[PDB]
file start.cif (mmCIF, C-alpha atoms)
data_coords
#
loop_
_atom_site.label_atom_id
_atom_site.label_comp_id
_atom_site.auth_asym_id
_atom_site.auth_seq_id
_atom_site.Cartn_x
_atom_site.Cartn_y
_atom_site.Cartn_z
CA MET Q 58 109.35 91.74 61.93
CA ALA Q 59 110.87 90.59 58.67
CA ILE Q 60 112.77 87.51 59.87
CA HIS Q 61 110.01 85.81 61.83
CA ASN Q 62 106.97 85.97 59.48
CA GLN Q 63 104.79 83.59 61.46
CA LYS Q 64 102.10 83.65 64.04
CA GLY Q 65 105.00 84.38 66.37
CA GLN Q 66 104.66 87.99 65.26
CA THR Q 67 102.47 88.63 68.30
CA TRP Q 68 105.59 88.52 70.46
CA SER Q 69 107.34 91.26 68.50
CA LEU Q 70 105.28 94.18 69.75
CA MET Q 71 106.94 93.67 73.14
CA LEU Q 72 110.50 93.42 71.80
CA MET Q 73 110.44 97.05 70.70
CA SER Q 74 109.66 98.08 74.26
CA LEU Q 75 112.71 96.17 75.40
CA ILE Q 76 114.92 98.17 73.04
CA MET Q 77 113.71 101.60 74.17
CA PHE Q 78 114.28 100.97 77.87
CA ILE Q 79 117.93 99.89 77.75
CA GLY Q 80 118.35 102.15 74.76
CA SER Q 81 117.47 105.05 77.03
CA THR Q 82 118.89 103.90 80.37
CA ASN Q 83 122.27 103.39 78.77
CA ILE Q 84 122.21 106.79 77.07
CA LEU Q 85 121.10 108.85 80.08
CA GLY Q 86 124.14 107.92 82.12
CA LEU Q 87 126.69 109.67 79.94
CA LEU Q 88 125.71 112.92 81.70
CA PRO Q 89 127.99 114.40 84.47
CA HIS Q 90 126.64 112.77 87.64
CA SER Q 91 123.87 110.42 86.56
CA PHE Q 92 123.22 106.82 87.58
CA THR Q 93 122.36 103.87 85.23
CA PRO Q 94 120.27 100.97 86.53
CA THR Q 95 121.83 98.57 83.97
CA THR Q 96 125.16 99.01 85.73
CA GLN Q 97 124.18 96.68 88.56
CA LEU Q 98 124.14 92.98 87.74
CA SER Q 99 120.88 92.40 89.61
CA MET Q 100 118.19 93.43 87.16
CA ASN Q 101 119.97 91.97 84.13
CA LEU Q 102 119.61 88.53 85.69
CA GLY Q 103 115.94 89.42 85.83
CA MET Q 104 115.90 90.56 82.21
CA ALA Q 105 117.52 87.42 80.82
CA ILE Q 106 115.85 84.57 82.67
CA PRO Q 107 112.15 85.60 82.45
CA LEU Q 108 112.69 86.19 78.75
CA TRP Q 109 115.01 83.32 77.85
CA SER Q 110 112.84 80.71 79.57
CA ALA Q 111 109.83 82.26 77.90
CA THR Q 112 111.29 80.91 74.66
CA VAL Q 113 111.98 77.26 75.48
CA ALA P 1 99.52 116.66 96.28
CA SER P 2 99.10 114.34 93.30
CA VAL P 3 97.15 116.92 91.30
CA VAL P 4 99.90 119.38 92.23
CA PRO P 5 102.81 117.45 90.66
CA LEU P 6 100.69 116.25 87.74
CA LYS P 7 99.89 119.85 86.84
CA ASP P 8 103.60 120.63 86.78
CA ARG P 9 104.47 118.32 83.89
CA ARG P 10 101.33 119.01 81.88
CA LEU P 11 101.61 122.79 82.12
CA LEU P 12 105.37 122.77 81.54
CA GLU P 13 105.33 120.44 78.54
CA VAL P 14 102.79 122.46 76.58
CA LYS P 15 104.59 125.71 77.35
CA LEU P 16 108.13 124.46 76.69
CA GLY P 17 107.64 123.08 73.19
CA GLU P 18 104.49 121.60 71.69
CA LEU P 19 100.86 120.79 72.44
CA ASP P 27 94.14 125.64 67.83
CA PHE P 28 96.53 124.36 70.49
CA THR P 29 98.59 122.02 68.34
CA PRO P 30 99.73 124.86 66.05
CA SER P 31 100.50 126.88 69.17
CA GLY P 32 103.50 124.61 69.45
CA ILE P 33 104.16 124.99 65.73
CA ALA P 34 105.55 128.43 66.34
CA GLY P 35 106.63 126.99 69.68
CA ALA P 36 107.90 128.60 72.87
CA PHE P 37 111.37 127.50 71.73
CA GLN P 38 112.06 131.17 70.96
CA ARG P 39 111.35 131.71 74.65
CA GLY P 40 113.52 128.76 75.60
CA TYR P 41 116.37 129.85 73.38
CA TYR P 42 118.14 132.62 75.20
CA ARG P 43 119.63 130.60 78.04
CA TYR P 44 122.60 128.94 76.42
CA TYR P 45 124.11 131.55 74.18
CA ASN P 46 122.58 131.19 70.71
CA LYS P 47 124.20 128.01 69.44
CA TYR P 48 121.60 125.25 69.88
CA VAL P 49 119.61 126.63 66.95
CA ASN P 50 118.40 123.28 65.61
CA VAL P 51 115.40 123.12 67.94
CA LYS P 52 112.89 123.78 65.12
CA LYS P 53 111.56 120.26 64.64
CA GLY P 54 114.08 118.33 66.67
CA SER P 55 113.69 120.51 69.77
CA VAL P 56 116.79 120.71 71.96
CA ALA P 57 115.60 123.21 74.57
CA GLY P 58 112.49 121.12 75.11
CA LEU P 59 114.55 118.09 76.07
CA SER P 60 117.85 119.52 77.33
CA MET P 61 116.20 121.17 80.34
CA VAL P 62 115.04 117.91 81.94
CA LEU P 63 118.49 116.39 81.47
CA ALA P 64 120.02 119.53 82.94
CA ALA P 65 117.65 119.13 85.88
CA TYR P 66 118.53 115.46 86.39
CA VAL P 67 122.23 116.30 86.62
CA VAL P 68 122.00 118.96 89.33
CA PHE P 69 119.54 116.75 91.21
CA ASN P 70 122.17 114.02 91.27
CA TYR P 71 124.89 116.45 92.24
CA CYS P 72 123.28 116.71 95.67
CA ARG P 73 123.67 113.05 96.65
CA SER P 74 127.30 112.93 95.58
CA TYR P 75 128.17 116.06 97.55
CA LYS P 76 128.52 114.31 100.91
CA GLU P 77 131.09 111.83 99.63
CA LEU P 78 133.48 113.98 97.57
CA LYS P 79 133.85 116.86 100.08
CA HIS P 80 137.55 117.82 99.34
CA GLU P 81 137.10 121.44 100.42
CA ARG P 82 139.67 123.15 102.62
CA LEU P 83 139.15 125.93 105.17
CA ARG P 84 138.77 128.38 102.30
CA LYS P 85 137.32 128.81 98.84
CA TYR P 86 138.70 127.79 95.46
CA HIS P 87 140.18 130.00 92.73
CA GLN N 8 92.46 100.94 87.57
CA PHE N 9 92.44 101.46 83.80
CA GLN N 10 96.04 100.28 83.52
CA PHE N 11 94.42 96.86 83.06
CA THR N 12 91.67 96.75 80.44
CA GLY N 13 93.78 98.52 77.86
CA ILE N 14 96.22 95.60 77.99
CA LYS N 15 94.06 92.80 79.42
CA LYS N 16 93.55 91.17 76.04
CA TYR N 17 97.35 91.01 75.78
CA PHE N 18 97.98 89.42 79.17
CA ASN N 19 96.18 86.05 79.10
CA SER N 20 97.47 85.65 75.54
CA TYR N 21 101.18 85.56 76.38
CA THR N 22 101.41 85.46 80.20
CA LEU N 23 100.69 81.74 79.86
CA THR N 24 104.39 81.43 79.13
CA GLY N 25 105.63 84.93 79.87
CA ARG N 26 104.50 85.07 83.51
CA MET N 27 106.88 82.37 84.70
CA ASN N 28 108.83 84.60 87.08
CA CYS N 29 108.68 81.69 89.52
CA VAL N 30 112.11 80.60 88.33
CA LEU N 31 113.29 84.19 88.66
CA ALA N 32 111.69 84.43 92.09
CA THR N 33 113.22 81.15 93.23
CA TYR N 34 116.68 82.27 92.15
CA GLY N 35 116.30 85.59 93.96
CA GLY N 36 115.34 84.00 97.25
CA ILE N 37 118.32 81.67 97.11
CA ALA N 38 120.63 84.56 96.26
CA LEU N 39 119.54 86.51 99.33
CA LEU N 40 120.15 83.46 101.52
CA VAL N 41 123.72 82.79 100.38
CA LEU N 42 124.71 86.41 101.02
CA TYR N 43 123.25 86.16 104.52
CA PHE N 44 125.03 82.84 105.05
CA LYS N 45 128.47 84.27 104.26
CA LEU N 46 127.84 87.28 106.49
CA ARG N 47 126.70 84.90 109.22
CA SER N 48 130.08 83.17 109.09
CA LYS N 49 131.70 86.59 108.35
CA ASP O 5 130.69 98.18 93.72
CA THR O 6 130.88 94.39 93.78
CA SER O 7 127.58 95.22 95.05
CA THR O 8 125.66 92.60 97.13
CA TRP O 9 122.47 91.02 98.26
CA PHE O 10 120.09 91.88 95.37
CA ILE O 11 116.70 92.45 97.18
CA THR O 12 116.63 95.84 95.42
CA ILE O 13 116.13 96.85 91.81
CA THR O 14 114.51 93.76 90.26
CA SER O 15 111.10 94.38 91.83
CA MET O 16 111.24 97.90 90.47
CA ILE O 17 111.83 96.73 86.89
CA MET O 18 108.51 95.00 86.29
CA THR O 19 106.55 98.04 87.37
CA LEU O 20 108.37 99.74 84.50
CA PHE O 21 107.02 97.22 82.01
CA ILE O 22 103.54 98.42 82.84
CA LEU O 23 104.62 101.87 81.67
CA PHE O 24 106.34 100.98 78.41
CA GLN O 25 103.50 98.72 77.35
CA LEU O 26 101.17 101.66 77.88
CA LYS O 27 102.94 104.31 75.82
CA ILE O 28 104.18 102.25 72.88
CA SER O 29 100.84 100.47 72.56
CA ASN O 30 99.27 103.67 71.24
CA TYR O 31 101.41 104.01 68.14
CA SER O 32 100.08 105.00 64.74
CA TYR O 33 101.57 102.78 62.04
CA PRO O 34 101.87 103.69 58.37
CA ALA O 35 101.62 100.01 57.42
CA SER O 36 98.47 99.54 59.50
CA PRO O 37 96.94 102.63 57.86
CA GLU O 38 97.89 101.28 54.45
CA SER O 39 95.97 98.11 55.26
CA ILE O 40 92.83 100.22 55.67
CA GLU O 41 93.30 101.72 52.19
CA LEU O 42 91.48 99.13 50.07
CA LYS O 43 88.55 98.34 52.41
CA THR O 44 86.39 101.19 51.07
CA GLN O 45 86.69 100.58 47.31
CA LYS O 46 85.38 97.10 46.49
CA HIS O 47 82.23 97.35 48.60
CA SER O 48 81.11 100.27 46.41
CA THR O 49 82.40 98.45 43.31
CA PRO O 50 79.95 95.57 43.72
CA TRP O 51 77.38 98.18 44.79
CA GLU O 52 77.65 99.41 41.20
CA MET O 53 76.66 95.86 40.24
CA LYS O 54 73.91 96.00 42.87
CA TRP O 55 72.08 98.45 40.60
CA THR O 56 73.18 96.51 37.51
CA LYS O 57 71.21 93.50 38.72
CA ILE O 58 68.38 95.65 40.12
CA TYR O 59 67.82 96.95 36.59
CA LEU O 60 68.80 94.01 34.36
CA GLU M 56 137.50 115.09 88.41
CA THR M 57 134.88 116.44 86.02
CA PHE M 58 136.74 117.89 83.08
CA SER M 59 134.86 115.07 81.34
CA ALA M 60 131.76 117.09 82.16
CA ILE M 61 132.62 119.55 79.39
CA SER M 62 133.58 116.94 76.80
CA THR M 63 130.23 115.19 77.17
CA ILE M 64 128.69 118.63 76.73
CA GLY M 65 131.08 119.56 73.92
CA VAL M 66 130.11 116.56 71.78
CA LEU M 67 126.45 117.43 72.32
CA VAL M 68 127.15 120.80 70.69
CA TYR M 69 128.37 119.21 67.42
CA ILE M 70 125.07 117.34 67.11
CA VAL M 71 123.18 120.63 67.16
CA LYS M 72 124.89 121.25 63.78
CA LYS M 73 123.28 118.16 62.25
CA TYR M 74 120.06 118.93 64.15
CA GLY M 75 119.40 121.70 61.65
CA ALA M 76 119.32 118.90 59.10
CA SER M 77 117.27 116.73 61.45
CA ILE M 78 114.55 119.34 61.18
CA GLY M 79 114.28 118.82 57.45
CA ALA M 80 114.03 115.10 58.09
CA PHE M 81 111.49 115.77 60.82
CA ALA M 82 109.56 118.07 58.49
CA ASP M 83 109.82 115.45 55.76
CA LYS M 84 108.72 112.76 58.18
CA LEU M 85 104.92 112.30 57.94
CA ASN M 86 104.65 114.53 54.86
CA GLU M 87 104.19 111.22 53.14
CA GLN M 88 101.93 110.10 55.98
CA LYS M 89 99.75 113.20 55.77
CA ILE M 90 99.82 112.84 52.00
CA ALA M 91 99.27 109.17 52.69
CA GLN M 92 95.97 110.41 54.13
CA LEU M 93 95.26 112.87 51.31
CA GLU M 94 95.10 110.04 48.77
CA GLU M 95 92.14 108.34 50.48
CA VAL M 96 90.00 111.47 50.82
CA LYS M 97 90.64 112.24 47.15
CA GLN M 98 90.04 108.77 45.73
CA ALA M 99 86.76 108.02 47.50
CA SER M 100 84.83 111.08 46.36
CA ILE M 101 85.81 111.11 42.68
CA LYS M 102 85.36 107.36 42.18
CA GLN M 103 81.79 107.59 43.48
CA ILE M 104 80.42 110.89 42.14
CA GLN M 105 80.92 109.83 38.52
CA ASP M 106 79.38 106.42 39.28
CA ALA M 107 76.23 108.19 40.50
CA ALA A 101 60.10 102.98 36.81
CA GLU A 102 62.24 100.64 38.90
CA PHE A 103 65.57 101.26 37.15
CA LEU A 104 65.33 105.04 37.48
CA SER A 105 64.78 104.64 41.24
CA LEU A 106 67.28 101.82 41.83
CA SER A 107 69.85 104.11 40.24
CA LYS A 108 68.46 106.99 42.31
CA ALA A 109 69.27 105.26 45.60
CA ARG A 110 72.68 104.46 44.11
CA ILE A 111 72.84 108.21 43.45
CA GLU A 112 71.48 108.92 46.94
CA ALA A 113 73.89 106.59 48.73
CA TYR A 114 76.74 108.07 46.68
CA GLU A 115 75.50 111.52 47.71
CA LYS A 116 75.72 110.38 51.33
CA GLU A 117 79.10 108.69 50.87
CA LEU A 118 80.87 111.93 49.92
CA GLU A 119 79.11 114.10 52.52
CA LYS A 120 80.35 111.75 55.24
CA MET A 121 83.86 112.19 53.81
CA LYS A 122 83.56 115.93 54.45
CA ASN A 123 82.52 115.15 58.03
CA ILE A 124 85.79 113.43 58.95
CA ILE A 125 88.28 116.29 58.73
CA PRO A 126 87.73 119.94 59.60
CA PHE A 127 91.49 120.64 59.57
CA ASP A 128 94.78 119.01 58.57
CA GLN A 129 95.56 118.41 62.24
CA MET A 130 91.97 117.45 62.95
CA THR A 131 91.35 114.21 64.80
CA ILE A 132 92.56 110.69 65.49
CA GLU A 133 89.08 109.16 65.51
CA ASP A 134 87.37 111.08 62.70
CA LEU A 135 90.12 109.82 60.42
CA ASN A 136 89.32 106.38 61.83
CA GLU A 137 86.27 105.92 59.62
CA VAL A 138 87.69 105.74 56.08
CA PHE A 139 91.08 104.22 56.88
CA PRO A 140 90.33 101.09 58.82
CA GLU A 141 91.01 99.41 62.13
CA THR A 142 90.30 95.81 63.05
CA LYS A 143 90.61 93.19 65.79
CA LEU A 144 93.80 91.58 67.14
CA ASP A 145 96.31 90.32 64.55
CA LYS A 146 94.87 91.57 61.30
CA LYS A 147 97.64 93.73 59.76
CA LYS A 148 100.28 91.15 58.86
CA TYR A 149 102.96 93.53 57.61
#
call {"tool": "encode", "arguments": {"input": "start.cif", "output": "C-alpha cells"}}
result
Amino acid sequence: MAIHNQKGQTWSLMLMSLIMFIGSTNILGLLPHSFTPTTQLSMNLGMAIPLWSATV
Amino acid sequence: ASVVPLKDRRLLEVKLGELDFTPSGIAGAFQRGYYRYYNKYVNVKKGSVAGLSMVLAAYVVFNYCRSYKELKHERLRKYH
Amino acid sequence: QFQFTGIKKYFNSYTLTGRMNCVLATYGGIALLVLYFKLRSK
Amino acid sequence: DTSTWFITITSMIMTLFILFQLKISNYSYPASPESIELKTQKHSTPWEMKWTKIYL
Amino acid sequence: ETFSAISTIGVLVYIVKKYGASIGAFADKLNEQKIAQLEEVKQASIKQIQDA
Amino acid sequence: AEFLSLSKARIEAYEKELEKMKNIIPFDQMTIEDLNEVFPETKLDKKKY
C-alpha cells in the first residue's frame, strides 16, 4: 500500500489474494506425496499475461 | 449429497478447534485432538496444530493412492 | 447466485482492463494447435 | 514432465479467483476501524454549540 | 525413496517449539484491537454525560 | 423558559446517546454488526490508509 499512494490503491486489494494462493500452493507440496499446480508451466502463462497486460 | 458433504466440514471444524459457542472453542477440543501424536505438538493453544495438521495428514494419504499403481516394486513376499 | 452481488461493484470497475483474457485465450488456442500439428507429422 | 498440450489447468485457475475474492473481501481492518474513531465526536461537539445558540 | 518423508516431518516438529511462543503472539494479537474497541465505548459516554 | 428546555433536549439526546452505547455490546465477543454503529463504515474508497 505504502509505495503506490494514489487512486491506484483500488488495485491493491486483489494483489493480496495473489500472494495467498501461490503462497499456499507452493507450501502444500513439501508434504510426502502431494502435487503443486504451480509446477506445470501452463497456468503461470495464464497468471502473467492477464495481469501484465492489465498494466499497460 | 451436497448437504451431506457440507455438513462434514461444518461439523468437523467446530468440533476440531474453534467456533456461547465461540468460547466453546476457547477451551477447545484440542485436548481431545492431542493424544494422537505422542504429546509433543503442545503449541496448539492459539496457533492450533491439531486443527490444521489433520487435513494435511489426510491430503497425503489421499495422494498415496494414485501413486501406488506406478511405484509397485513389491516382490512375491512382504517387506521386513 | 450470490457469488455475484457481493463483488459486482468490483467487477465493472476493474474488468474494463482486467477482463482482457482474449489475449490469453488466443495464445491458448494457438498452443493447442501447434502441439496437434507436431503430433500430426509425428 | 515436459508436459504438453495445455488444455488443462488454466480454465481451473479463474474459478479459484472467485473463491479468494470471496474470503479475503470480508476482512476486518484495524486501520479501517481507526478511521471510524473520530466520526462520533465532532457532531456532538457542535451539538454543544447547538444549545449555545438556542440560548444566546 | 521416502526417507525425506521423515525430514519434512522432523522440521515440522521444531516449529512446534516456537509455536508455544506463537500463542503469546496470537494472544497478544487483537488485544490492542479489542482494546482498540474499548477506547471508543469509554470515550463516548464520559464526554457526553458531563456535557448534559 | 426556552434555555432550560433547549438544554433539556441536549440532556435528553445525551441520555439517549449513552443508552444506545449500552445496546451495542452484550459481551466482549458480541457481534460484528452491533459494533458497526459507533465505529464507522462507508462507501467504496473512503479509508485511504
call {"tool": "residues_around", "arguments": {"input": "start.cif", "residues": "range 66-72 of chain P", "least_positions_apart": "6", "cutoff": "7 Å", "atoms": "all atoms listed in the file", "output": "list in words"}}
result
residues 88, 89, 90 and 91 of chain Q
call {"tool": "closest_residue", "arguments": {"input": "start.cif", "among": "O:48, O:39, O:15, O:34", "to": "residue 86 in chain M", "atoms": "all atoms listed in the file"}}
result
O:34
call {"tool": "interface_residues", "arguments": {"input": "start.cif", "of": "chain P", "to": "chain M", "cutoff": "6 Å", "atoms": "all atoms listed in the file", "output": "JSON, numbers by chain"}}
result
{"P": [48, 50, 53, 54]}
call {"tool": "residues_around", "arguments": {"input": "start.cif", "residues": "residue 12 in chain N", "least_positions_apart": "6", "cutoff": "12 Å", "atoms": "all atoms listed in the file", "output": "PyMOL selection string"}}
result
(chain N and resi 18-19) or (chain O and resi 26)
call {"tool": "atom_distance", "arguments": {"input": "start.cif", "atom1": "CA of residue 44 in chain O", "atom2": "CA of residue 138 in chain A"}}
result
6.9 Å
call {"tool": "closest_atom_pairs", "arguments": {"input": "start.cif", "of": "chain M", "to": "chain Q", "cutoff": "8 Å", "atoms": "only C-alpha atoms", "output": "Markdown table"}}
result
| residue | atom | partner | partner_atom | distance |
| --- | --- | --- | --- | --- |
| M:57 | CA | Q:89 | CA | 7.4 |
| M:59 | CA | Q:89 | CA | 7.6 |
| M:60 | CA | Q:89 | CA | 5.2 |
| M:63 | CA | Q:88 | CA | 6.8 |
call {"tool": "interface_residues", "arguments": {"input": "start.cif", "of": "chain P", "to": "chain A", "cutoff": "10 Å", "atoms": "only C-alpha atoms", "output": "VMD selection string"}}
result
chain P and resid 27 29 to 30
call {"tool": "atom_distance", "arguments": {"input": "start.cif", "atom1": "CA of residue 59 in chain O", "atom2": "CA of residue 100 in chain M"}}
result
24.2 Å
call {"tool": "interface_residues", "arguments": {"input": "start.cif", "of": "chain Q", "to": "chain N", "cutoff": "8 Å", "atoms": "only C-alpha atoms", "output": "PDB file with C-alpha atoms, in the frame of the given file"}}
result
ATOM      1  CA  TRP Q  68     105.590  88.520  70.460  1.00  0.00           C
ATOM      2  CA  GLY Q 103     115.940  89.420  85.830  1.00  0.00           C
ATOM      3  CA  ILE Q 106     115.850  84.570  82.670  1.00  0.00           C
ATOM      4  CA  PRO Q 107     112.150  85.600  82.450  1.00  0.00           C
ATOM      5  CA  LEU Q 108     112.690  86.190  78.750  1.00  0.00           C
ATOM      6  CA  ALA Q 111     109.830  82.260  77.900  1.00  0.00           C
TER       7      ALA Q 111
END
call {"tool": "interface_residues", "arguments": {"input": "start.cif", "of": "chain A", "to": "chain Q", "cutoff": "9 Å", "atoms": "all atoms listed in the file", "output": "PyMOL selection string"}}
result
chain A and resi 145+148-149
call {"tool": "write_last_selection", "arguments": {"input": "start.cif", "atoms": "C-alpha atoms", "output": "compact mmCIF listing (two decimals), in the frame of the given file"}}
result
# COMPACT_ATOMS: atom_id res chain seq x y z
CA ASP A 145 96.31 90.32 64.55
CA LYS A 148 100.28 91.15 58.86
CA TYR A 149 102.96 93.53 57.61
call {"tool": "interface_residues", "arguments": {"input": "start.cif", "of": "chain Q", "to": "chain O", "cutoff": "8 Å", "atoms": "all atoms listed in the file", "output": "PyMOL selection string"}}
result
chain Q and resi 71+74+78+94+97+99-100+103
call {"tool": "residues_around", "arguments": {"input": "start.cif", "residues": "range 33-46 of chain P", "least_positions_apart": "3", "cutoff": "8 Å", "atoms": "all atoms listed in the file", "output": "NGL selection string"}}
result
:P and (15-18 or 29-30 or 49 or 51-52 or 55 or 57-58)
call {"tool": "write_last_selection", "arguments": {"input": "start.cif", "atoms": "C-alpha atoms", "output": "PDB file, in the frame of the given file"}}
result
ATOM      1  CA  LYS P  15     104.590 125.710  77.350  1.00  0.00           C
ATOM      2  CA  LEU P  16     108.130 124.460  76.690  1.00  0.00           C
ATOM      3  CA  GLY P  17     107.640 123.080  73.190  1.00  0.00           C
ATOM      4  CA  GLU P  18     104.490 121.600  71.690  1.00  0.00           C
ATOM      5  CA  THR P  29      98.590 122.020  68.340  1.00  0.00           C
ATOM      6  CA  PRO P  30      99.730 124.860  66.050  1.00  0.00           C
ATOM      7  CA  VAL P  49     119.610 126.630  66.950  1.00  0.00           C
ATOM      8  CA  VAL P  51     115.400 123.120  67.940  1.00  0.00           C
ATOM      9  CA  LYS P  52     112.890 123.780  65.120  1.00  0.00           C
ATOM     10  CA  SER P  55     113.690 120.510  69.770  1.00  0.00           C
ATOM     11  CA  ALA P  57     115.600 123.210  74.570  1.00  0.00           C
ATOM     12  CA  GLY P  58     112.490 121.120  75.110  1.00  0.00           C
TER      13      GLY P  58
END
call {"tool": "resolve_selection", "arguments": {"input": "start.cif", "expression": "the PyMOL selection byres ((chain A) within 7 of (chain M))", "output": "ChimeraX atom specification"}}
result
/A:110-111,114,118,121
call {"tool": "write_last_selection", "arguments": {"input": "start.cif", "atoms": "C-alpha atoms", "output": "CSV table (one decimal), in the frame of the given file"}}
result
chain,number,residue,atom,x,y,z
A,110,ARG,CA,72.7,104.5,44.1
A,111,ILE,CA,72.8,108.2,43.4
A,114,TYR,CA,76.7,108.1,46.7
A,118,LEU,CA,80.9,111.9,49.9
A,121,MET,CA,83.9,112.2,53.8
call {"tool": "interface_residues", "arguments": {"input": "start.cif", "of": "chain A", "to": "chain O", "cutoff": "10 Å", "atoms": "all atoms listed in the file", "output": "ChimeraX atom specification"}}
result
/A:101-110,113-114,117,132,136-142,146-149
call {"tool": "build_atoms", "arguments": {"input": "start.cif", "residues": "range 15-46 of chain P", "atoms": "N, CA and C atoms", "output": "PDB file, in the coordinates of the input"}}
result
ATOM      1  N   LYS P  15     103.887 124.439  77.428  1.00  0.00           N
ATOM      2  CA  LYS P  15     104.590 125.710  77.350  1.00  0.00           C
ATOM      3  C   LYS P  15     105.996 125.630  76.758  1.00  0.00           C
ATOM      4  N   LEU P  16     106.748 124.609  77.157  1.00  0.00           N
ATOM      5  CA  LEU P  16     108.130 124.460  76.690  1.00  0.00           C
ATOM      6  C   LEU P  16     108.309 124.225  75.194  1.00  0.00           C
ATOM      7  N   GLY P  17     107.498 123.353  74.607  1.00  0.00           N
ATOM      8  CA  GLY P  17     107.640 123.080  73.190  1.00  0.00           C
ATOM      9  C   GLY P  17     106.375 122.936  72.369  1.00  0.00           C
ATOM     10  N   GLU P  18     105.694 121.802  72.498  1.00  0.00           N
ATOM     11  CA  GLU P  18     104.490 121.600  71.690  1.00  0.00           C
ATOM     12  C   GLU P  18     103.308 120.927  72.376  1.00  0.00           C
ATOM     13  N   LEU P  19     102.118 121.331  71.946  1.00  0.00           N
ATOM     14  CA  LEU P  19     100.860 120.790  72.440  1.00  0.00           C
ATOM     15  C   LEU P  19     100.576 119.434  71.799  1.00  0.00           C
ATOM     16  N   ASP P  27      93.882 124.227  67.592  1.00  0.00           N
ATOM     17  CA  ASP P  27      94.140 125.640  67.830  1.00  0.00           C
ATOM     18  C   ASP P  27      95.216 125.703  68.905  1.00  0.00           C
ATOM     19  N   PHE P  28      95.529 124.529  69.437  1.00  0.00           N
ATOM     20  CA  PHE P  28      96.530 124.360  70.490  1.00  0.00           C
ATOM     21  C   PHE P  28      97.717 123.561  69.971  1.00  0.00           C
ATOM     22  N   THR P  29      97.482 122.690  68.995  1.00  0.00           N
ATOM     23  CA  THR P  29      98.590 122.020  68.340  1.00  0.00           C
ATOM     24  C   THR P  29      99.444 122.990  67.546  1.00  0.00           C
ATOM     25  N   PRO P  30      98.873 123.912  66.776  1.00  0.00           N
ATOM     26  CA  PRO P  30      99.730 124.860  66.050  1.00  0.00           C
ATOM     27  C   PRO P  30     100.325 125.919  66.959  1.00  0.00           C
ATOM     28  N   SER P  31      99.863 125.999  68.209  1.00  0.00           N
ATOM     29  CA  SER P  31     100.500 126.880  69.170  1.00  0.00           C
ATOM     30  C   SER P  31     101.916 126.409  69.475  1.00  0.00           C
ATOM     31  N   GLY P  32     102.149 125.106  69.364  1.00  0.00           N
ATOM     32  CA  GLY P  32     103.500 124.610  69.450  1.00  0.00           C
ATOM     33  C   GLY P  32     104.223 124.634  68.118  1.00  0.00           C
ATOM     34  N   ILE P  33     103.506 124.968  67.035  1.00  0.00           N
ATOM     35  CA  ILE P  33     104.160 124.990  65.730  1.00  0.00           C
ATOM     36  C   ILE P  33     105.061 126.204  65.606  1.00  0.00           C
ATOM     37  N   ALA P  34     104.601 127.356  66.082  1.00  0.00           N
ATOM     38  CA  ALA P  34     105.550 128.430  66.340  1.00  0.00           C
ATOM     39  C   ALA P  34     106.458 128.048  67.491  1.00  0.00           C
ATOM     40  N   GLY P  35     105.885 127.459  68.534  1.00  0.00           N
ATOM     41  CA  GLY P  35     106.630 126.990  69.680  1.00  0.00           C
ATOM     42  C   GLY P  35     107.029 128.091  70.646  1.00  0.00           C
ATOM     43  N   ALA P  36     107.241 127.725  71.910  1.00  0.00           N
ATOM     44  CA  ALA P  36     107.900 128.600  72.870  1.00  0.00           C
ATOM     45  C   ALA P  36     109.402 128.349  72.893  1.00  0.00           C
ATOM     46  N   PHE P  37     109.933 127.737  71.830  1.00  0.00           N
ATOM     47  CA  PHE P  37     111.370 127.500  71.730  1.00  0.00           C
ATOM     48  C   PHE P  37     112.125 128.814  71.579  1.00  0.00           C
ATOM     49  N   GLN P  38     111.485 129.826  70.984  1.00  0.00           N
ATOM     50  CA  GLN P  38     112.060 131.170  70.960  1.00  0.00           C
ATOM     51  C   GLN P  38     112.157 131.731  72.372  1.00  0.00           C
ATOM     52  N   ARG P  39     111.228 131.341  73.246  1.00  0.00           N
ATOM     53  CA  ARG P  39     111.350 131.710  74.650  1.00  0.00           C
ATOM     54  C   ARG P  39     112.413 130.871  75.336  1.00  0.00           C
ATOM     55  N   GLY P  40     112.561 129.611  74.932  1.00  0.00           N
ATOM     56  CA  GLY P  40     113.520 128.760  75.600  1.00  0.00           C
ATOM     57  C   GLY P  40     114.944 128.984  75.130  1.00  0.00           C
ATOM     58  N   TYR P  41     115.119 129.832  74.120  1.00  0.00           N
ATOM     59  CA  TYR P  41     116.370 129.850  73.380  1.00  0.00           C
ATOM     60  C   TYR P  41     117.482 130.547  74.143  1.00  0.00           C
ATOM     61  N   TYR P  42     117.145 131.606  74.876  1.00  0.00           N
ATOM     62  CA  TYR P  42     118.140 132.620  75.200  1.00  0.00           C
ATOM     63  C   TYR P  42     119.056 132.193  76.337  1.00  0.00           C
ATOM     64  N   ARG P  43     118.886 130.977  76.850  1.00  0.00           N
ATOM     65  CA  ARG P  43     119.630 130.600  78.040  1.00  0.00           C
ATOM     66  C   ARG P  43     121.059 130.178  77.706  1.00  0.00           C
ATOM     67  N   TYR P  44     121.281 129.533  76.555  1.00  0.00           N
ATOM     68  CA  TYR P  44     122.600 128.940  76.420  1.00  0.00           C
ATOM     69  C   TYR P  44     123.645 129.959  75.967  1.00  0.00           C
ATOM     70  N   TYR P  45     123.755 130.226  74.666  1.00  0.00           N
ATOM     71  CA  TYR P  45     124.110 131.550  74.180  1.00  0.00           C
ATOM     72  C   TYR P  45     123.247 131.936  72.987  1.00  0.00           C
ATOM     73  N   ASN P  46     123.456 131.222  71.876  1.00  0.00           N
ATOM     74  CA  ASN P  46     122.580 131.190  70.710  1.00  0.00           C
ATOM     75  C   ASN P  46     122.594 129.814  70.054  1.00  0.00           C
TER      76      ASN P  46
END
